[PDB]
Amino acid sequence: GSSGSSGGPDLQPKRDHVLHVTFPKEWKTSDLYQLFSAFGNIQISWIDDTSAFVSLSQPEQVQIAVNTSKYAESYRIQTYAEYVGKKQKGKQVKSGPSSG
């Protein structure tokens with residue numbers, strides 16, 4: 001319990017490198033790594049039974065990782081902002097440059 005409002009932890013930049021991927025439980029760490037393997041060593045974060053996160057080095061890759069999910073129906077990939085957007089939405093016009 002503490003009073004007053006001060007600073008402390010720095011602020012993190014837009015979560016672009018991160019990608020929200022939702023795959024079926026049937027999947028596994030092998031399916032993820034292997035899939036994204038195209039890029040190389042990555043950090044797969046297990047959130048929920050069907051919720052996972054992906055981390056990349058360069059933003060460019062994002063494009064591809066997104067162009068692949070387009071046709072891919074089994075799984076779905078989207079930008080961190082795009083994903084969260086649904087859950088919470090501040091005050092800023094929204095746009096859907098992708099299916100939807």
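Residues numbered from 1 in each chain as written, not as in the entry; some residues may be left out. Heavy atoms only, no water.

- Per the PDB entry, the protein chain goes by poly(A)-specific ribonuclease and derives from Mus musculus.
- The PDB lists this entry under the title "Solution structure of the RNA binding domain from hypothetical protein BAB23382".

**Considering the side chain of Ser51**
No. 1: Considering the arrangement of structural elements, one finds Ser51 in strand β3 (residues 51–55).
No. 2: Under the relative-accessibility criterion, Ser51 is labelled buried at 17%.
No. 3: Contact partners of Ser51, with chain neighbours within four places excluded, come to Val21, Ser45 and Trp46. (Helix = DSSP H or I, 4+ residues; strand = E, 2+ residues; numbered from the N terminus. Buried < 20%, exposed > 50% of the residue type's maximum accessible area, 1.4 Å probe, protein only. Contact = heavy atoms within 4.5 Å.)

**Notes on the pairing of strand β2 (residues 45–48)**
No. 1: By the bridge criterion, 3 bridges tie β2 to β3 in an arrangement that is antiparallel. Paired with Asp48 across the strands is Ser51, a residue of β3.
No. 2: Linkage of β2 to β3, two consecutive antiparallel strands, is achieved through a turn of 2 residues. (Pairing = 2+ DSSP bridges.)

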